[PDB]
Amino acid sequence: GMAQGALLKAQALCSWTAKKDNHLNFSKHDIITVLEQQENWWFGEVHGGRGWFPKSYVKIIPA
Amino acid sequence: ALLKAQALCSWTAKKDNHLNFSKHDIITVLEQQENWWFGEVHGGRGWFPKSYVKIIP
Amino acid sequence: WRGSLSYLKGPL
Ligand SMILES: [Cl-]
C-alpha cells in the first residue's frame, strides 16, 4: 500500500495486548510507526516490537 | 484472600514469568512479596511491581 | 498455582 519512503504515525484508539506471532501489541494512546498497509491490517513498530494489527484500532496522526 | 487491584499504568514483562498488563486492567492478586506481587489477568499469570497497581476495596 | 514454574521462579 505505502509508497517507498512514506512516513506515517498512528495513535492507538484502544488496547490490543494478546500475544500472538506476527501481531503488534500496544495500549490505548500508544503512538505506532506505520511501516506497511495491506487492506484491513497494517504493519507497525512500537515499544521495541514489530507486527501486524487491525487498522481500525488506530488513527493517523497529521505530519 | 483474593485481592483485586487496578493497574494505574501499563507494564511490560521484563522476564518470562512477569505479568503483562495495560492501564485500568483489573488484576487478581495471589501473593504479595514485599515490592513484587504475583497475580493473574486475562488468563495469564506472573510477577509485577506493586507500585503499578492500586487495591480495589 | 503455588506449583507453577512462573510462581516458583520468583520475580528476580
Ligand atoms: Cl490482542
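Lettering of chains follows the sequences in order, A, B, ..., and the numbering in each one begins at 1. What you see below is based on every heavy atom in this structure, not just the backbone, and it leaves out hydrogens, waters and symmetry mates.
- For A:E45, the salt bridge (charged side-chain N to carboxylate O under 4.0 Å, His left out) partners at least two apart in sequence or on another chain are A:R50.
- When all heavy atoms are compared, the tightest approach of B:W37 to B:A5 is CZ3-CB, 4.4 Å.
- We find the CD1-NZ distance between A:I31 and A:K9 to be 9.0 Å, quoted to the nearest 0.5 Å.
- Judged as a salt bridge (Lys or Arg N to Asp or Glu O under 4.0 Å), the pairs with a partner in residues 27-37 of chain B (not counting sequence neighbours) are, in order, B:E31-C:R2.
- For B:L2, the side chain to side chain contact (heavy atoms under 4.5 Å, CB included) partners are B:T28, B:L30, not counting sequence neighbours.
- A:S27 is linked by a side chain to side chain contact (heavy atoms under 4.5 Å, CB included) to A:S15, A:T17, A:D30, B:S10, B:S22, counting only residues two or more places apart in sequence or in another chain.
- Ring geometry for A:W16 against A:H23 counts as parallel: the plane angle stays under 30°, on a 0 to 90° scale with 60° as the upper cut.
- To the nearest 0.5 Å, atom NZ of residue A:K28 and atom CD of residue A:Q11 are 11.0 Å apart.
- A continuous path of ILVMFWY side-chain contacts below 4.5 Å connects C:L12 to C:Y7, so both sit in one hydrophobic cluster.
- In this structure, CD in B:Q32 is found 5.5 Å from CG in B:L3, a value given to the nearest 0.5 Å.
- Nearest heavy-atom pair across A:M2 and A:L8 is CE-CB, 4.0 Å.
- At a threshold of 4.5 Å between side-chain heavy atoms, the hydrophobic network of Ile, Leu, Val, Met, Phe, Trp and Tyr places A:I61 and A:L7 in two separate groups.
- Under the ring-ring contact (aromatic ring centres under 6.0 Å, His included) criterion, A:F43 pairs with A:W52, not counting sequence neighbours.
- Within a 6.0 Å sphere centred on CG of C:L8, heavy atoms belonging to other residues, nucleotides or ligands number more than 12.
- With hydrogens and angles ignored, the 3.5 Å screen pairs no side-chain donor or acceptor of A:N22 with any backbone N or O of A:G51.
- Nearest heavy atom pair, residue B:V53 against residue B:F21, reads CG1-CZ, 4.3 Å.
- Nearest heavy atoms, A:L24 versus A:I32: CD2-CG2, 3.8 Å.
- Looking only at distances, no side-chain donor or acceptor of A:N40 sits under 3.5 Å from a matching main-chain atom of A:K55.
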